[PDB]
Protein chains: 2
Amino acid sequence: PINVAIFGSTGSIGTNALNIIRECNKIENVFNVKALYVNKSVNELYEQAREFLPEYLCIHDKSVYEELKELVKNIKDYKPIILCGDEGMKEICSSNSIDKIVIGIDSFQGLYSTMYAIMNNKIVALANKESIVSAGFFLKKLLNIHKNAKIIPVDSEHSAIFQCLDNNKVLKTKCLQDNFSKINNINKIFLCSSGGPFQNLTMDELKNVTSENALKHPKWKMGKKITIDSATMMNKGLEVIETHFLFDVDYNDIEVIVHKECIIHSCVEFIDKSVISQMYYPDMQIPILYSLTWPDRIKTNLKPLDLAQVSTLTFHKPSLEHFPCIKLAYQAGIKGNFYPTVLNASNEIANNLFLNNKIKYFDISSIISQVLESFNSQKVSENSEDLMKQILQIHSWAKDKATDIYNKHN
Amino acid sequence: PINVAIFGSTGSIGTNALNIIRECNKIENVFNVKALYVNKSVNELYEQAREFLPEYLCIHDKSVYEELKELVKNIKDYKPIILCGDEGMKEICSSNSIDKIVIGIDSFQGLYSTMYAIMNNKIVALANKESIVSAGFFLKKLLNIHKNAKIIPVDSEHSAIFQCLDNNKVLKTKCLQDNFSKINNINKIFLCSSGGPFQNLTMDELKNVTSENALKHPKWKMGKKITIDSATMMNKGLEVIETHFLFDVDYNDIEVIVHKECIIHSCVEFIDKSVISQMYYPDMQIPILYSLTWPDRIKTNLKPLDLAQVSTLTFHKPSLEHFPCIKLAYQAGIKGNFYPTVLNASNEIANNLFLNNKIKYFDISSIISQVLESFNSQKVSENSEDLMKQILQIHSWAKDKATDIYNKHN
Ligand SMILES: NC(=O)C1=CN([C@@H]2O[C@H](COP(=O)(O)OP(=O)(O)OC[C@H]3O[C@@H](n4cnc5c(N)ncnc54)[C@H](OP(=O)(O)O)[C@@H]3O)[C@@H](O)[C@H]2O)C=CC1
Ligand SMILES: NC(=O)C1=CN([C@@H]2O[C@H](COP(=O)(O)OP(=O)(O)OC[C@H]3O[C@@H](n4cnc5c(N)ncnc54)[C@H](OP(=O)(O)O)[C@@H]3O)[C@@H](O)[C@H]2O)C=CC1
Ligand SMILES: O=CN(O)CCCP(=O)(O)O
Ligand SMILES: O=CN(O)CCCP(=O)(O)O
Ligand SMILES: [Ca+2]
Ligand SMILES: [Ca+2]
Ligand SMILES: [Mg+2]
Ligand SMILES: [Mg+2]
């Protein structure tokens, strides 16, 4: 039985993880949910605690710790270890009774739990792409220290790539490891995207888009941050850099394709030019389940893909004029150093400004571009404690710079 | 280096095999063409002999054997072993210098070289689907005796399936073995078909189609027999039975899907419901190459798949009323025993009759249907020699029965 912790259990990823775990457990007891960790959602965490009865409960926001302990007392035949903040998160990661950890915490904040899970040689089912984008080089370093840890990608495109690969070769390397793509005979990656809600808008129409309309994603139901990112295709931009770090694929070998039906989740071209792709309905349960079962697969009762009913699959190039965020991500990635950290941080600020109706669509990339331009390359610290400190400092600088740029205009 | 023999070297597969061997060798020298074997095409065998200079040459037709020896003398500094008929084939198969054999001989005839390559524990790169259809359970028995022999599928759809699997699971088993699909966690196969040239025709129009028009395949350039099979979709019916044998997939788990673009070559649904597909332009060089490099891949200079340019991929259910050969194949496969032998034999006759303008489109399925109904279940011989004799007897019986039915109607 696979012992799992779910970090960000009450969010979009975390709810889907519990969904597929529940359905798989119907027949055979395959997963034991040992731990659940949220920020503030006490009532929803208690409802999940009632169903899954995990050994550990943890809430990041200490102000709702008492509320949680109180609700939980109403559950019969149950004495969980109820924990708090970073200290709680670190205690969960250090537990011998947890094998795999799903990271469904959003934004840069997800990096902390990712780091600690790795330091405790856990299997990390990583949905949080921001951590790879802001700290890819650091994570590679960390994984070469903690040799029994692994990152297994949960992001659907990266799970798709992972699945298309031959496990006979995947097993001889590790995500983030040097030469991953060489060992796997990868020539290039087609990173598939729904294209978001604004794919058919003209330049003049785009100028005027609002966050209410950005939140109406045509294919995926997700948290607010990634949903806004999908509308600007900054999501895809972050995923380009994520592809580079996870799979050691050169930036010139990663191609973004708009596939509006979202059935094909990504494709791998091998050195012989044969292409392999993974397909399913747009549904995070598959990539989540795969991260927890890899290198095996288990039976589900999910709806089978009906190719005949789907009928048509379409593909086109994205316009970099209409979606300049993609261009900025490639540029930041190609530059290397801490440019991805600065990209991620400034986007977190610009994404949230747009969400809250403070700026326009094209201001998002304008703010990001300006922060990237302002940043000066830094010497990369050789030890991991120093490097994490350096990452946090640059991430914090970039966020303040973005806000400063916003403050100067509006 | 990889030591390869090409059986049926002057046909469509054989030429494509030499083509990709030649072009890959230009990048890096990995293939040594050790033997070529044809039926009657003395002059083109001679011409190939000059370019590749194989150690062995064989021609099945004894009446052009001396003519071949005459022609080959013209090649300076070249002393090959020149052979003929069944004897020469067996000598090539038994040679310790040959590792892999591409079987590109057409029809039931392909069985003889397939079975002897297996008997000699070779890697059999098998394109000839007729051998599997008529002798599937016998080849199964033979591969259980000769444990180092392997069939690696070359048929594009079956190569596609094979490319989608994880080789750490494949290497625990092999093609044409019981439990292959269970070991690989395969739930279901989507077998893709171009649909052939008659996909948009009414029942009334189909009654009057000719072989001249049937030979104008929209997507694949092939030999005459398979091309006619593609027009009636009997090719796909044979491929259903081929899938069942190679991968041990139940007939109720094989779906035929019409995919006119012929970019997706087939898809594998795993037990978690994830689907993996292999994709390329309709070009037999990829499946041929993979059969010779498995479990690795090598660099090629083939044109890369451009999904944006392709733009649209379509999928729909085939019409069974318009393509009754599909139904017949399913029925024969489900019956098991020697019904697939009978299906294959009667089709070889009916296919040839239609090719030479002797019968109409729906007479093909009528003849096969009538031969299948004529046949009665026969006890399966225990020893392999008697089972092989039995397959020959039945095959020969079914050809004669199909000819008799034609002769009474004419
Ligand atoms: N949703 C999706 O389909 C996909 C998501 N992703 C990635 O997965 C990650 C999560 O996304 P998504 O599920 O959409 O986001 P949500 O906003 O829906 O969920 C975020 C979760 O993280 C929790 N959380 C936030 N801060 C902390 C913290 N400090 N400590 C513990 N828990 C915390 C939240 O708890 P609380 O409820 O208490 O606020 C919530 O449970 C993102 O990084 C995203 O990029 C990637 C691909 C697809
Ligand atoms: N063509 C294709 O793209 C595909 C083909 N297939 C399968 O591959 C097989 C070959 O098809 P294809 O290449 O189109 O057929 P072709 O008719 O083009 O070629 C047949 C080849 O087999 C040779 N041959 C026939 N009998 C003998 C024999 N007694 N001994 C030695 N050689 C013999 C012929 O020799 P000769 O030239 O002297 O007559 C010829 O070279 C078929 O079984 C088909 O089902 C499967 C998938 C795709
Ligand atoms: O993996 C899932 N996502 O990242 C959401 C995909 C949305 P997009 O293709 O529109 O970015
Ligand atoms: O593998 C290649 N073929 O079998 C030829 C495919 C022809 P079809 O898709 O029309 O059956
Ligand atoms: Ca795989
Ligand atoms: Ca500067
Ligand atoms: Mg994604
Ligand atoms: Mg085929």
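With a requirement of 2 or more residues that are away from ligand 5 (no atom under 16 Å from the Cβ) and away from every other protein chain (no Cβ under 12 Å), the helices (runs of 4 or more DSSP H) lying completely within the range A:101-194 that satisfy it span A:110-119, A:129-145. Number of residues in the range B:384-409 that are closer than 14 Å to residue B:135 by Cα and surrounded by fewer than 11 Cβ atoms within 10 Å (Cβ to Cβ): the value is 1.
Taken over the range B:167-188, the criterion of being among the charged types (D, E, K, R) and farther than 14 Å from residue B:267 by Cα is satisfied by B:169, B:172, B:174, B:178, B:182. Of the numbered criteria (1) within 30 Å of residue A:183 (Cβ to Cβ); (2) away from chain A (no Cβ under 14 Å), the one residue B:382 fails is (1). Of note, residue B:36 satisfies the criterion of being within 22 Å of the chain's Cα centre (by Cα) and either in contact (Cβ under 8 Å) with a residue 12 or more places away in the chain or within 16 Å of ligand 7 (Cβ to nearest atom) (or both).
Scanning the range A:308-326 for residues that are without any contact (Cβ under 8 Å) to a residue 12 or more places away in the chain and more than 20 Å from residue B:277 (Cβ to Cβ), we see that the one that is farthest from the other protein chains (Cβ to nearest Cβ) is A:320.
Scanning the range B:195-205 for residues that are in a loop (DSSP other than H, G, I, E, B) and either within 21 Å of residue B:363 (Cβ to Cβ) or under 20 Å from the mean Cα position of the chain (by Cα) (or both) yields a total of 7. Residues of the range A:362-378 include none that is over 30 Å from residue B:267 (Cα atoms), away from chain B (no Cβ under 14 Å) and either of a type in the set (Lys, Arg) or within 16 Å of ligand 2 (Cβ to nearest atom) (or both). Condition first: of a type in the set (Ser, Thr, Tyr) and over 19 Å from residue A:123 (Cβ atoms). Now tell me which residues in the range A:164-200 satisfy that. Answer for the range A:164-200, where residues must be of a type in the set (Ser, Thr, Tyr) and over 19 Å from residue A:123 (Cβ atoms): A:181, A:193, A:194. Of the candidates B:261, B:239, the single residue that is outside the structural domain of residue B:24 (by CATH), within 13 Å of ligand 4 (Cβ to nearest atom) and either surrounded by fewer than 21 Cβ atoms within 10 Å (Cβ to Cβ) or free of Cβ contacts under 8 Å to residues at least 40 places away in the same chain (or both) is B:261. Restricting attention to the range A:140-197, the residues that are hydrophobic (A, V, I, L, M, F, W, C) and touching an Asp or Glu at 6+ places or on another chain (Cβ under 7 Å) total 5. Between B:99, B:77, B:106, the distinction of being within 16 Å of ligand 4 (Cβ to nearest atom) and acidic (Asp, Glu) belongs to B:106 only. Residue B:274 falls short on exactly one of the conditions (1) without any contact (Cβ under 8 Å) to a residue 24 or more places away in the chain; (2) surrounded by 18 or more Cβ atoms within 10 Å (Cβ to Cβ); (3) within 22 Å of the chain's Cα centre (by Cα), and that condition is (3). Inspect all residues belonging to the range A:200-215 and state whether any of them is closer than 29 Å to residue A:270 by Cβ and assigned by CATH to the domain that holds residue A:273. No: zero hits.
Taken as a whole, the structure places residue A:161 among residues that are in the same structural domain as residue A:227 (by CATH), more than 16 Å from ligand 2 (Cβ to nearest atom) and of a type outside the set (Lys, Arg). Determine whether the range B:46-56 contains at least one residue that is of a type in the set (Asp, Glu), farther than 18 Å from residue B:294 by Cβ and in contact (Cβ under 8 Å) with a residue 40 or more places away in the chain. Checked against the condition, which is being of a type in the set (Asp, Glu), farther than 18 Å from residue B:294 by Cβ and in contact (Cβ under 8 Å) with a residue 40 or more places away in the chain, the range B:46-56 yields at least one hit. Filtering the range A:81-114 to residues that are over 13 Å from the mean Cα position of the chain (by Cα) and aromatic (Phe, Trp, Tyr) leaves only A:112. Scanning the range A:48-71 for residues that are part of a helix (DSSP H, G or I) and closer than 17 Å to residue A:32 by Cα turns up A:48, A:49, A:50, A:51, A:52. One residue alone among B:77, B:61 is surrounded by fewer than 20 Cβ atoms within 10 Å (Cβ to Cβ) and under 18 Å from residue B:105 (Cβ atoms), and that residue is B:61.
Among the residues making up the range A:315-337, a single one is touching a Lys or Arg at 6+ places or on another chain (Cβ under 8 Å) and surrounded by fewer than 16 Cβ atoms within 10 Å (Cβ to Cβ): A:320.
Regarding the range B:297-305, can at least one residue be identified that is polar (S, T, N, Q) and closer than 20 Å to residue B:327 by Cα? The answer is no, given that none of the residues of the range B:297-305 is polar (S, T, N, Q) and closer than 20 Å to residue B:327 by Cα.
All of this is worked out from the model, or read from it or from the source named; no laboratory instrument gave them. As a convention, Cβ positions derive from the backbone with ideal geometry for all residues, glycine included, and neighbour counts pool all protein chains shown.
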